[PDB]
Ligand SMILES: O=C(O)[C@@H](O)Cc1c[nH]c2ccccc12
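The chain below stands alone and is given as structure tokens, in the form deposited without ligand 3IL.
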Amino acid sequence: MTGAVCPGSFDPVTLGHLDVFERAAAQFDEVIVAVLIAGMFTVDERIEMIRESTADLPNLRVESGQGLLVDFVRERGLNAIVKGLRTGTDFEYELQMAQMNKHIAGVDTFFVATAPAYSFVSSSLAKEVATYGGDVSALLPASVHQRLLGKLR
């Protein structure tokens, strides 16, 4: 009965996130993606885009969440978070939250290294580049791309 939660704003989900979801799904019986909550996409849109892109992952589901992440995790009977890291400075920042989360609620955090190809990918940078006309097609799920083009027009 193993399981982890993968949290984030996912505004929108990127190939970097999807890679983390896939890897978490391969190592834990149950994965829940926690869409935490105003950016570009609504909660429902963000959830839909992730569901579309994770259809090949039978042991993953997507839910919105509010309040403390540890409460979200524990209220579903789990006590692990899985999170992707690019740096370095990411680890330092996330370490603080991870130790706090373990301290207040006994919830552990497992970090995975980003796939090399997506080291430079972030939701913020993808939206920024796309806004000014740059091609970010290779960095986002097929569905997501189109939806993003939609929001910009």
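From 1 onward, residues are counted along the sequence shown.
The form deposited with ligand 3IL bound exists for this protein as well; it is not shown, and the discussion that follows is about that form.
Ligand 3IL is not drawn, but in the deposited complex it has a heavy atom within 4.5 Å of residue 36. Although the partner is absent here, residue 68 sits close enough that one of its heavy atoms falls within 4.5 Å of ligand 3IL in the deposited complex. In the deposited complex, ligand 3IL stays beyond 4.5 Å of every heavy atom belonging to residue 3.
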